[PDB]
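A.B. asks: Numbering (our numbering), first residue to last: 52 to 1979. Even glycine gets a Cβ: it sits at the ideal position worked out from N, Cα and C. Provided herewith is a single structure, encoded as structure tokens, for subsequent inquiry.
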Ligand SMILES: Nc1ncnc2c1ncn2[C@@H]1O[C@H](COP(=O)(O)OP(=O)(O)OP(=O)(O)O)[C@@H](O)[C@H]1O
Ligand SMILES: Nc1ncnc2c1ncn2[C@@H]1O[C@H](COP(=O)(O)OP(=O)(O)OP(=O)(O)O)[C@@H](O)[C@H]1O
Ligand SMILES: *[C@@H]1O[C@H](CO)[C@@H](O[C@@H]2O[C@H](CO)[C@@H](O)[C@H](O)[C@H]2NC(C)=O)[C@H](O)[C@H]1NC(C)=O
Ligand SMILES: *[C@@H]1O[C@H](CO)[C@@H](O)[C@H](O)[C@H]1NC(C)=O
Ligand SMILES: *[C@@H]1O[C@H](CO)[C@@H](O)[C@H](O)[C@H]1NC(C)=O
Ligand SMILES: [Mg+2]
Ligand SMILES: [Mg+2]
């Protein structure tokens, strides 16, 4: 078995060497997409994210002001890269740098000061004592005005001096009176107690001013609000303000919608000041809880009653600063001689001295108290208008739960609906509480995290720090409302007024690396791993079906090879390139940074196993079809439909078990997908497969792993091989036996080689009754001439004898072995040579013979000897051995096929038409070869040459219609049947003269100057014929007339339409032909048109079984959902103030939460009972590096580790100290973190635990989820007393403007300080961990707040998370899922609509390889009209499946495509895509010669380009934040050159528009930027491609013999004025040959003769015919046909030309009559006379029974009959017949001679080429023999027989030597030529005249010798042609 396998491998290697481009493309098909992937990966390296921490969010329980500050500041998770002080155990504030907190603290300080202030009383008593003791303290005009203007402290004396300078001293003495007062300067010096009173008042004023000027907050606030009121500086301004480093409010909300800030801030503030909450029936307990919640909310309502305060106290404070005597005396005390010194001493040298005070406070009419008052009034007005339409009344009582859902819907329709608290009360009664409050928080899913899943599925690095996607618990209002409700329940159950502060700190992440490309790989690996192998399966299936369809596989199996060796050879020849491609792919994945963590060896092994699976699936699929055109369309489609179950199981991901996964992967496109998924999951986790991750790949599952997938692929390969063998044995197709279903469950002295018994064959077309009964017996040492007419059952019988066609009845024993059972044993010793040349194209002749000789077991030297022997006996000139067989002619191919049937040891030879198109010269060599191998090879001759069958055939057999007619030797059928003397002489009176010399004379046939007479006396008759055209020859009942007698016993219109009428006629004829072709071919139509629609339907079905939505179960907010977790507790500042009690109540009998407390009110979670011990974990020998390196300060308490994998790696000791762990009876162990740095310890322990659990390959899950840190803050009664004293004083009242405002301010001030607080450290990886740990810490607070209870066990609160099931599922969830499924269905649509158009060229190839398209161009059909008809037909054949896909999309209700605005756009998009892709796939048949190969290539190229461009643009515009996508836009324009890219982009734009519309509900697709540009581009591309293919069809441009020399000179000097065909110096030089096949041909054919072009095989006749018709390009010379040149205008030459090519060019799906009618419609025959012309052309060449049968099922003679009939359509003046008699019975050639004679007599010409010399010697007028492209005779038949011959020729038949002795004795000179073992030939010329004399002497010596038959001819053409061929 090894030699045949190595021979087949050598053949495949030679085939791949001859076509290196195809092999390179097959290897690099995955390389293209993989290089694109690594290139787009190089632009996105793994981002090294630093180890950053997150700020702490403040809860409303810790204060509304810090709550708002935490909402605004850390709304984006800035990741400050360093541990913030909020994470420190001591300080928790982190907001002491903001000016708002400083302003509130200064307001509290001012309130306390006013509580302890007496300055008002001091100034009041000072005013009182000055009024009781002093009782007085409140030239004319020129002096009065001067005194009024100069009324100052010291200006009085200056004014007095200025007055006295111009007046008398009378105003001076009075000046002495005012000098003692000094403007109330020394007035306190007079009294005693008034001095002390003024001193105390001045001290109080100094302290008050010092406080007011050390506030220092309102100054910064004013500066910031004046600087803010554009660029990015406003962000920093508002950050410095709020942090550290009806239609009016609607308009404000609209301005905020423009987001001049972080959008997350607005997203979080939307449910705060717009949303509204609701609760259950009004239970008085629930009523009190809601009232406490309302109080907590209205704590922030200090700005509501602020306007009421500023609308009542503004006049009082305005008059207090304008005309109050107290402020006047303050101003007086502020300015004096020593008061300024006192103020400077009391100010301690601070800023804003007394001058600034008097400039700001004292102003009667640039900055004073007036501008400050206006500014604060404007600020109060702005604050009131901002807090005007805010709904602080968010509390609506509801009577039930269905009404709750209805009101929730109604409020969400108004876009104002916050969370809803649903209690579980049993009775609306005055009971306090059931001690176990179960409450649910129902809100919209857009603001609450999804509850269907509790984890992110597969583990991926990242702290989940997206403030909008995965942080919905902090901006949606869930955690805040949860904390508020918990605090309310705690206050109701206990009654304590103080509230423990609550903070939420997100756990930091240890400098992980985010790689979005890893996610892209995990999402698109099984998708991008499909097309690269779809191309491979298409190529492999196409090649296999083309090998087994062209009878190559069957011929090879007949030659001696079995099936298993061929299957192994195909497997190896498909695996080696696939192995190279897999190795290159592994190298690309390893070097391209795509799979850096996986071992390349494991990837290579996996890819090799997948390639084996792929090859066996290819074998299985190929064994299902028989035609390559159907397989080329079915293979990839089936391979892609079998992959859909993988996508189904991926979309399900639930309720699928191990056995279900096995059954889904039984087809095994799902095993490779699961393997790629596991590889991507291992890569995303930074592990890979280092030959040890096998057998364990569970994300969340039991057993399914990678080794399971490998074993399943092995089992699937075994099953595929078994099924392939079974199907190929049972259903092989049309070339099988086949095997049954229940498996394996008259020479009497010869060997009698082959014997048939009652052979019956029935074809399934019309039951095809052709072979009724055959009892033929073939012997060993005899050549049985299996003769028969066209369709008599010769080829069918010879195929039944082989393994080609199965017999319906009877049997056939070959060498004693049956064919129905022992077929392989017979084929092991069987040689065949069929009627059609079945041979490889890439292999040469010598390689062919070497292969077919080594296939039988001959040695290398023996094979070389056999090659040389065959090359010398067949007649090979030894120059075509190293040339490809595809370049050979018909004769050379036939000789090679005959030679390949005799090589090696084959005792049974079957030759069907061994001489078809072979010259009479090589026929002699074939005869010698058959005679040399006539010992025991059982040669079965089936030819149409009567001479060959009579010479070689020892026992001929003539049949008809399958029934046996006659069997026997030549003597038997010549003596039994009609015998006599047949006289044939070339040419009324002759009949009279032959009837007067002999008694019996009869005329039987007169066709082509033959005039054959039969004569059953003779010497005188021959003398009379001789002495009185010069061609006398008689014979004795040859085989021709015998066959004729056996067979006997068993027109161009009158209209000639032209112009538009002819154009329309040809168009309708082409459309009707295409319709007939599509009607009679339903399997191909279903596989190429309806199969993509079925594929789209199956894809939509698989995408329709997605899991249902709208189901959100109630998820409990408890941490007991993740099995293994690690909690930690931190006790900061243990001073027994408020922390130790909560710490004890947190780890006591009630436990961590409400899990097990007098029962388990949580489903399916039993808690452990007995565990209580504080045991420190065992620390290894690593305490020395920590003790000797002591003095570990709080900053960096453990040796930090660098971050260059995912997480850093460095030796143990990262945490530093193992804390004592203890199980708290809740299935989780807590660790005490007292006095430990929380952030660094947590980071280091996370790192070390991840490293330890990843080193063991355990699929690392989350380690910790939450922890608590209890601390204290660095009062209430004081500020309450301050508020009370402020209300009691200064005109106390009870209005709703001042008293309510003061009470609200006091409530706000007392709600900011916290005695103790708790920081909940939560990891955002858990989707519900923060809320659960909040509930846990609230339960702990409740347990610690109850006083003197019997037991704190039965106390507890539980929270449920039940999202709204109203209308939708989520935003991002659907935005990803629908996006993915739409991308999938768009890829499927691209696949389908790319599989369709590539078939349109297939038929075109079926017209271009053959001369069918050439014959259509010979008629009046122009290329433009033909291309237009093809375009219309393909447009219909494309809109049929387009309509099918549209109907499927309508029925599936895919709102993304068949919506009210996208359905017509989608239809137009599909129409334009087809209109643009059809003329793009049209210019592809001119380069390919195989229809299935071009089909596969075009389909693969289209799908690759389209899908790759679509997915590239998608991943570049969707998941890219860099500006590189901009370049992609330009690339779009470039990619606009591919229509598939335009279709994909249109689909993607429709999907994105629908997604944006749905997000808006949470634009027309005909715009320019949208699909409209794609439509315009498709239209332009269609027009341009149609023009391009039309231009392509127009080639972008629209010493010799005496007679030969005489004719050449006659043509040169003077042109013929009457000859139709005039050829001048015709020359043809093929490429890379340097030897012209035809050169220097100059002939003139008049319109009244018959021209014959004879020549040896390879002379240049077919090339000359192709140059005349226009198939090839003429190099030199010209050819005028009816005064029309070829290069000038070929249309006029074609309009008067009838071409009959050498090879049959007919449609396999059209009948003969339909062919004739079509070719008549093309040539201008009117429809009224089409039927008559068709009937005439049919009846003129027989075909009566075959007139209604398909031409593809015709016989060897019926095809030539149809070709000649089509050539005789239209009645052209010159009919070119190229081998029209090739394999036809004598009746067909007689009919053809009659047709040619009728054509010549009608006034036309016939350029005939044939290989039978009798034909051209009979009917042809002027003949020309060409050799190597040069003529030799160029004359008439009689002139040729006279100048190249003389005398007579004798053909005798018989034991051989006595005949030669007699011929040498009776004749002196007679050359013995063409000596055979059966016949002899002698020549007269060296003898005398009087042929009657030699006839008489041969008659007198016939009885003495053993001569069987004798014949005489007068210089026949056979010997002349043999001599001409032997010359050169
Ligand atoms: N694939 C087919 N489908 C239907 N009928 C067929 C098919 N192949 C052959 N036939 C029929 O079987 C009959 C047997 O014809 P056969 O093959 O003997 O012709 P032939 O002897 O090769 O002709 P020639 O002698 O001119 O070469 C024919 O009449 C033909 O119509
Ligand atoms: N496509 C081709 N490429 C290379 N050489 C070619 C090609 N076609 C024909 N030839 C050359 O032309 C020669 C045959 O010429 P042509 O086709 O005129 O003869 P033919 O009429 O087919 O012979 P026959 O009478 O045996 O059918 C061959 O020797 C071959 O080398
Ligand atoms: C719950 O609190 C809101 C304010 O947060 C209270 O609404 C106040 O009273 C009436 C409406 O009831 C309005 O005129 C006031 O302007 C509201 N604000 C203030 C600051 O008074 C509401 O009354 C409270 N609910 C109950 C039952 O008292
Ligand atoms: C605010 O916190 C800081 C800590 O950064 C502290 O130094 C400062 O004293 C605090 N201010 C107070 C307590 O008023
Ligand atoms: C949502 O769930 C409630 C359960 O009380 C049900 O009454 C309602 O019909 C559901 N909504 C939809 C749209 O099914
Ligand atoms: Mg045949
Ligand atoms: Mg030829």
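In chain order, what are the residue ranges of uninterrupted alpha helix (DSSP H) at least 4 long that sit wholly in the segment 1752 to 1833?
C.D. replies: The qualifying runs are 1763 to 1774, 1781 to 1790 and 1807 to 1818.
A.B. asks: At the level of alpha carbons, what is the spacing between residue 729 and residue 688?
C.D. replies: 26 Å
A.B. asks: With a cut-off of 8 Å, do at least 3 Cβ pairs link the segment 486 to 501 to the segment 520 to 535?
C.D. replies: Yes, the segment 486 to 501 is in contact with the segment 520 to 535.
A.B. asks: Return the CA-CA distance between residue 1182 and residue 1293, expressed in angstroms with no decimal places.
C.D. replies: 16 Å
A.B. asks: Classify residue 1315 as buried or exposed, calling it buried when 16 or more other Cβ atoms lie within 10 Å of its own Cβ.
C.D. replies: buried
A.B. asks: Any idea what DSSP makes of residue 814, helix, strand or coil?
C.D. replies: In the structure shown, the three-state DSSP call for residue 814 is coil.
A.B. asks: Suppose contacts are defined by Cβ-Cβ distances below 9 Å. Is residue 1792 in contact with residue 1761 by that definition?
C.D. replies: For the pair residue 1792 and residue 1761, the CB atoms are not nearer than the 9 Å cut-off.
A.B. asks: Residue 1378 lies in the beta strand (DSSP E); which residues open and close that run?
C.D. replies: From DSSP, residue 1378 is part of no beta strand (DSSP E); its letter is neither H nor E.
A.B. asks: In the DSSP assignment, find the alpha helix (DSSP H) that holds residue 768 and state where it starts and stops.
C.D. replies: 757 to 781
A.B. asks: Just mark residue 1988 as buried or exposed, buried being the case when its beta carbon has 16 or more other beta carbons within 10 Å.
C.D. replies: Since the first residue of the chain shown is 52 and the last is 1979, residue 1988 is not available in this structure.
A.B. asks: Going by other Cβ atoms of all chains shown within 10 Å of its Cβ, with 16 needed for buried, is residue 299 buried or exposed?
C.D. replies: exposed
A.B. asks: What's the call for residue 1805, buried or exposed, on a 16-neighbour Cβ count within 10 Å?
C.D. replies: Classification for residue 1805: buried.
A.B. asks: Closer than 8 Å to a non-hydrogen atom of ligand 1 - does that hold for the CB of residue 1488?
C.D. replies: Exclusion of residue 1488 from the 8 Å shell around ligand 1 follows from its C-beta lying no nearer than that to any non-hydrogen atom of the ligand.
A.B. asks: How far does the alpha helix (DSSP H) with residue 1006 in it reach, from first residue to last?
C.D. replies: That residue, residue 1006, is in no alpha helix (DSSP H); it is neither H nor E in DSSP.
A.B. asks: Let me check understanding here. Comparing Cα to Cα, which of 771, 1757, 106 and 165 lies closest to residue 23?
C.D. replies: Not covered by the structure: residue 23. The range shown for the chain is 52 to 1979.
A.B. asks: Quick one: what does DSSP say residue 1976 is sitting in, helix, strand or coil?
C.D. replies: helix
A.B. asks: Which residues bound the beta strand (DSSP E) around residue 1246?
C.D. replies: That residue, residue 1246, is in no beta strand (DSSP E); it is neither H nor E in DSSP.
A.B. asks: My understanding is that residue 1654 touches residue 1885, with C-beta atoms under 8 Å, so please give their C-beta distance in whole angstroms.
C.D. replies: That belief holds up - the Cβ atoms of residue 1654 and residue 1885 are roughly 5 Å apart, short of 8 Å.
A.B. asks: DSSP on residue 25, reduced to helix/strand/coil?
C.D. replies: Nothing can be reported for residue 25: it is not among the residues displayed for the chain, which extend from 52 to 1979.
A.B. asks: By the DSSP assignment, the beta strand (DSSP E) with residue 1712 in it spans what residues?
C.D. replies: Here residue 1712 belongs to no beta strand (DSSP E); instead the alpha helix (DSSP H) covers 1712 to 1720.
A.B. asks: Around ligand 4, which residues pass a check of Cβ closer than 7 Å to any of its heavy atoms?
C.D. replies: 136, 142, 144, 147, 156 and 1325
A.B. asks: Pick from 1382, 1396, 91 and 1158: whose alpha carbon is nearest that of residue 706?
C.D. replies: 1158
A.B. asks: Is the beta carbon of residue 831 less than 9 Å from the beta carbon of residue 803?
C.D. replies: In this structure, residue 803 lies closer than 9 Å to residue 831 by Cβ.
A.B. asks: Work out the CA separation of residue 1602 and residue 1562 for me, nearest whole Å.
C.D. replies: Taking the straight line from one Cα to the other gives about 14 Å.
A.B. asks: Please report how far the alpha carbon of residue 324 lies from the alpha carbon of residue 1428, in whole angstroms.
C.D. replies: 33 Å
A.B. asks: Which residue wins for smallest C-alpha separation from residue 1572, given the options 95, 1938, 1095 and 71?
C.D. replies: The shortest Cα separation from residue 1572 among 95, 1938, 1095 and 71 belongs to 95.
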